[PDB]
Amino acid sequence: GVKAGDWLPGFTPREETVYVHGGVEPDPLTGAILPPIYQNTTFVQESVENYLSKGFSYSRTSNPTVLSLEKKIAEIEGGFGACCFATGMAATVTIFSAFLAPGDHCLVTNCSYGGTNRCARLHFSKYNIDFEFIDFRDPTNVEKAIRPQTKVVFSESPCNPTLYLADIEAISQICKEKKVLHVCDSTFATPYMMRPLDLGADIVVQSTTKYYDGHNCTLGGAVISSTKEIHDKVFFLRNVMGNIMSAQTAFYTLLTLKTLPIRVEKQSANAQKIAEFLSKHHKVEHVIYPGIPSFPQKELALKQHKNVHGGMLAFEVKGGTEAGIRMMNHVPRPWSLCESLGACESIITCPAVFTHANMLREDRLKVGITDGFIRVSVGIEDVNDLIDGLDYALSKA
């Protein structure tokens, strides 16, 4: 006896259906196909007794539009619950705030996002928290590096900007047996390519700014928790630290998430062809893309990546920094010379003076951010226009 507005009972909706409809039904009051934007601070209570009977009191704590996005994200990432934040850094900082105390040790990937690296080194370390930056490419490095004071292992795959991979399943099995919390930043992957919670991760952190949005429109962060206990701690501390996502940002992201599968398919198809083109180019030294046959962690990429190998690639121009700068300054439209990634608009970044400018050169070269190192975020433009643009820039390099 299923009528209009009901799902078929005992059917799990397929992946793409969840991206379109996840966590959202038509507005009960009006039938509005999209959830209305609760651009609203406070919620009126029926009485003192029925406090929070309608589930809302204050937008810093929870907001109906934000909760809709959180339900969708929790379904897509395969988690118990999600908390949405003003930014990805807010999401990351909340993890470090909640699960680390003075005396605690934290293993972080040495090729973590520059922001995650700095907020560990230049802030949370002042609370006598020891962050140790190690190579996550070999899971035994993680297992051997775990101390009695280790509370959190913070993986990132692919890594910003070197695109190093971490065996999330193998690291998760090590963290389970050692009773350590495994947090994974899968911003570069998206849940369409890799869901760390499916591979035994305790917590996933997303910069929704990048691919979730994918339109260079909004800042956003998400923490997706494997358990209620972890979710409740994140939720409690988000309310205290006042870094929740806004209703308007949640509305934008609810809209953009709908097309993430078709966007990432197109970006990844463009990225494959661009990586192949760059790998044949006589003025390109190295190309890094998980999808080209020369990728050093090809076997882990093939085990861990579903559907695609992503929109992110990196390469090095022959002739060091000078050639890198010449190319960068001569990369024409439709390319954009700027920070960020994961957008419909193709972006070319130089991580040395943009994103990892606060890292010492000796340290930048140690991790793999080399002299002429270019990070590329592939958009959904015609791939021939993108290759034309790179070919011109490389000719001028």
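In case it trips you up, residue 1 is the first one in the sequence shown, and so on.
Looking at the other PDB entries for this protein, residue 357 is absent from the model in a third or more of those that include the residues around it. Per-stretch averaging of Cα B factors for 93 to 101 and 253 to 261 places 93 to 101 on top. On average the C-alpha atoms of 113 to 121 have higher B-factors than those of the other stretch, with 185 to 193 and 113 to 121 being the two compared.
Of the candidates 337, 52, 343, 67, the PDB record gives 52 the highest C-alpha temperature factor.
Out of 178, 231, 72, 309, it is 178 whose C-alpha atom has the highest B-factor in the PDB entry. When the modelled residues of the chain are ordered by their C-alpha B factor, residue 56 lands in the middle third. The entry lists a Cα temperature factor for residue 131 that places it in the highest third of the chain's modelled residues. Residue-level temperature factors show residue 370 in the highest third of its chain, judged at the C-alpha atom. Compared with the other modelled residues of the chain, the Cα B-factor recorded for residue 318 ranks in the highest third.
Sorting the modelled residues of the chain by their CA temperature factor places residue 16 in the middle third.
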